[PDB]
């Protein structure tokens, strides 16, 4: 496994799915719910086949949280960061579409960070591809402390977004475990 310099990592959870998930008998003890998650995750997996998102690399789904990165196909400079944002606005469109056909109101909660990672396989039995390093930890923490319908970024990530035409607003301070207090920003539309 090899290391990287400028990899933009993103988490997108649907925190309002956990409530929706019930286990009855009518719903086959929770299957009919998964059937929906599938329909959504598959719609989210389908976006990667778009040319504009050819540089996007889905890493995994965690529970009902979509995790993707850009700049893994590396050796403007921060074009991929602004593509990850472009990508998260897209998931919101798929989710908005599902909502129509599912008589539901699912919102997406996005955290986006960039920085150095390490990428490679893990585990002896079934080697699977994953990306570590503080960059991701922070990305994860900016999802979980996020806000619905909003994208939550770190300061320097906001800096980049401004140098790409994105307007921003400061949330204030988040406490990341092991990295302490730190200033975060929502992206505006």
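Under this definition, the rigid core comprises the largest set of C-alpha atoms superposing within 1.5 Å between the forms. Numbering follows the first chain given and starts at 1.
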| Core-aligned, which moves more in 8 other deposited structures of this protein: 119 to 127 or 58 to 66, by CA RMS? | 119 to 127
| query | Is residue 110 left out in a third or more of the other entries? | reply | no
| field | Coordinates absent for residue 88 in a third or more of other entries | value | no
| query | Given the B-factors recorded for C-alpha atoms, which segment has the greater mean, 11 to 19 or 175 to 183? | reply | 175 to 183
| remark: Taking the deposited Cα B-factors and averaging over 28 to 36 and over 122 to 130, the higher mean is found in 122 to 130
| message | By the CA temperature factor listed in this entry, which of these ranks top: 79, 110, 98, 85? | response | 79
| Checking the entry, which one of 154, 49, 65, 163 has the top C-alpha B factor? | 163
| message | Using only modelled residues of the chain, where does the Cα B factor of residue 54 rank: lowest third, middle third or highest third? | response | middle
| Position of residue 158 among the chain's modelled residues by C-alpha B-factor, lowest, middle or highest third | highest
